[PDB]
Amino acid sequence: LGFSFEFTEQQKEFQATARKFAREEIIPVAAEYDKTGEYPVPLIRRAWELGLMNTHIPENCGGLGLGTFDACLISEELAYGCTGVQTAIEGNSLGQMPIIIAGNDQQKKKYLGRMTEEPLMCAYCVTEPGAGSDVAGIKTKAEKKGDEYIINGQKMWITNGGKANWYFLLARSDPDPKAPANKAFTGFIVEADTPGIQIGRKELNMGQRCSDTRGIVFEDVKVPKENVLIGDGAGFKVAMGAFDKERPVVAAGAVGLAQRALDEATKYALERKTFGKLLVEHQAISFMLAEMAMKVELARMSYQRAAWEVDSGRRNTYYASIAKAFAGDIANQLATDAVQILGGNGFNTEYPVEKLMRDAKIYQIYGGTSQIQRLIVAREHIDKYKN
């Protein structure tokens, strides 16, 4: 019934709550956590109490039953403070996503119910050292032996890997190398305390240092037949489904980071003065902030559209990819320009802009790299012109 760019009073309150938290509780300690690299437990507990965590969990499982548009709205406020921290919080939504859209009443009740009861964490296990962008190439095995599957393999770059209470695991169940991807993998929910799960050490990355990233080995892990999501073989579609519903929020985190660098650079441009004039008075630096503004705004509407698409019951693969490709890219651009506007100071650890550049980079790599995001769009676009 007409276009609208106005939030509901409910969404307005969520954003307020998320914003207050990011500024008063996240920003002050963001650097601390980035230097040390320690899991931000206090901030995660707090976000959990304010209800800015596990917003997709259904109401009948003690959750808020919020949609994607809502999750994006909160995520961007959270990223503004620190994407290293928000990635941890978001790891939960991603790891629990495949259950929200495909698990049954009993699975949802058990694995989603515990998340609402106490600040538990969960992860998403799909990537492997040999296959990331190419999901169809993951080799972690899952042998149907009796009333349990025996999982065997090595997963890599898992967010919340060594902090998860349980995992969503994508494994190959069909041993025939000619088996279609849409019938060869199975989704399992495996409790982290199962004997045979060897959690590796914390990986030292360039940015998002406080986020927990690890590799895991699954040496003859036994999973009950009840933890299979839809059935043997349905794993691929559940994975690709979770991604579609999550890309808008990953696009939202990047916009938050971009917005942070824009605010930082602008505030400095108003304080610094060279060649007798304020930085903001040099036509070049004003064009820079101008273009930086255009980018954050455009990227924002990108995910707002993509999020709306999913919430309206429409297929959003196309829009969500535009959002992820665009937002991820401009986040990186704005981060670099932010440190540039800050001169020697921006390259220094005493300033916040330097860290954003480091954090920005993964927005072009995880969640489907910029290259696969363009493949998707080109695919959803061209198909419109065929028959």
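Position 1 is the first residue in the sequence shown; the rest follow in order.
Looking at 230-238 and 197-205 together, the entry lists the larger mean B-factor for 230-238, computed on C-alpha atoms. For the two regions 322-330 and 343-351, the entry's Cα B-factors average higher over 343-351. Set against one another, the Cα B-factors of 300, 214, 315, 260 in the record reach their highest point at 315. The entry lists C-alpha B-factors for 84, 153, 187, 162, and the highest of these is at 153. Sort the modelled residues of the chain by CA B factor and residue 277 lands in the highest third.
In this PDB entry, the Cα temperature factor of residue 67 sits in the bottom third of its chain's modelled residues, the lowest group. When the CA B factors of the chain's modelled residues are split into thirds, the value for residue 138 lands in the highest one. Residue-level temperature factors show residue 21 in the middle third of its chain, judged at the C-alpha atom.
Residue 146 sits in the highest third of its chain by CA B factor, as recorded in the PDB entry.
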